[PDB]
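Chemist: Below you will find the structure I want to go over with you.
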Amino acid sequence: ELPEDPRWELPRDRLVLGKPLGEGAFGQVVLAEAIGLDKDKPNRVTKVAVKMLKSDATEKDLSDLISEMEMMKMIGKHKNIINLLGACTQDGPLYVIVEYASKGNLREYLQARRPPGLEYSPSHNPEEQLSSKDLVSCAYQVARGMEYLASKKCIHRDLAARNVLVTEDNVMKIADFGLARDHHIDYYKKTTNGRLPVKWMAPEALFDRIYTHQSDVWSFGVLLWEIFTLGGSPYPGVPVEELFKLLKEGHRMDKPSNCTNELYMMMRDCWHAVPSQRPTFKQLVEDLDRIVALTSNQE
Ligand SMILES: CN1CCN(c2ccc(NC(=O)c3n[nH]c4ccccc34)cc2)CC1
């Protein structure tokens, strides 16, 4: 039996379970409506994402979901992270209730707003479109959320655009920052979408399994490269073995088109071979804040 925590407990009948959002082994995510989540009124419905376990789920899968919930409790609230909203822990399956981000992950969000398909792409007529000031703003918000997490002593370890979520009002929220330990990462495994996670990893994290905030800043570099190529895939066609060798030689990704030199030097700085020489999230937040204000939105 799980102990109740009246800070977070929502009665079960206050939650109407809706359509799935996400799969699978790592815990199913469904859309729901919570009645009367907040103090008052109890008469208002909030759309939430609810995390749960699947059918043939183990005790270890249960243990991880709890740990991720408790971790969110300790970390506290920020505008640029997926916040914990509630939990149903008693008399049934465990539900962890978290903020809903209705535009999905940043990679998807970036890809969907790419300019229309030409003869040589071809009918990708998006309904929506991001200026240069919008793109630097995405980076500012992710850096803000990361700075907040680092100040709470949290190391993400898998920062990437797939783990940044986008709300209906276009606010970036970092997801998956409370996920459990896991000495057992296999470099060969892919994402659903076909990409290798080793490609956001700092060399020291990759080779010596040293995970720090500095290593997260390495991942934010690649995230910056993802925002500025509008969801471009890092090192496409490069297998893990060849990636090892590009890292060893000090290879660094090319500068995206429609990226200022200043922003590309930011990427490069984040990718400094020496971890102590990278900027901090605090420095990146100051820098981006300045650049945003100077970045024209007219294009
Ligand atoms: C056509 N697309 C429309 C957008 N769509 C979509 C929209 C929203 C979400 N959101 C989520 O899955 C989500 N929102 N908050 C979360 C907290 C933890 C884990 C997941 C989440 C996922 C996918 C994907 C399909």
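Please read every residue number as a count from 1 along the shown chain.
How was it done? The header gives X-ray crystallography, 2.3 Å.
Just so it is clear, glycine is given a Cβ too, placed from its N, Cα and C backbone atoms.
Dumping what Swiss-Prot says about this protein:
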| type | residues | note |
| --- | --- | --- |
| ACT_SITE | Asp158 | active site, proton acceptor |
| MOD_RES | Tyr120 | phosphotyrosine |
| MOD_RES | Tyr187 | phosphotyrosine |
| MOD_RES | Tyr188 | phosphotyrosine |
| MOD_RES | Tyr264 | phosphotyrosine |
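In terms of burial and nearby residues, how do these features look in this structure?
Modeler: Taking Cβ-Cβ distances under 8 Å and a sequence separation of 6 or more, the neighbours of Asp158 (active site, proton acceptor) in its chain are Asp176, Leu179, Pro197, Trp200, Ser219.
Long-range Cβ contacts of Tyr120 (phosphotyrosine) within its own chain (separation 6+, distance under 8 Å) are none.
For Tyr187 (phosphotyrosine), the Cβ neighbour count at a 10 Å cut-off comes to 15, with all displayed protein chains included.
Listed in sequence order, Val240 are the same-chain residues six or more apart from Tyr188 (phosphotyrosine) with CB atoms under 8 A from its CB.
Look at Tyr264 (phosphotyrosine): DSSP puts it in a helix. In sequence order, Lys255, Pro256 are the residues near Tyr264 (phosphotyrosine), counting only same-chain partners six or more apart with C-beta under 8 A.
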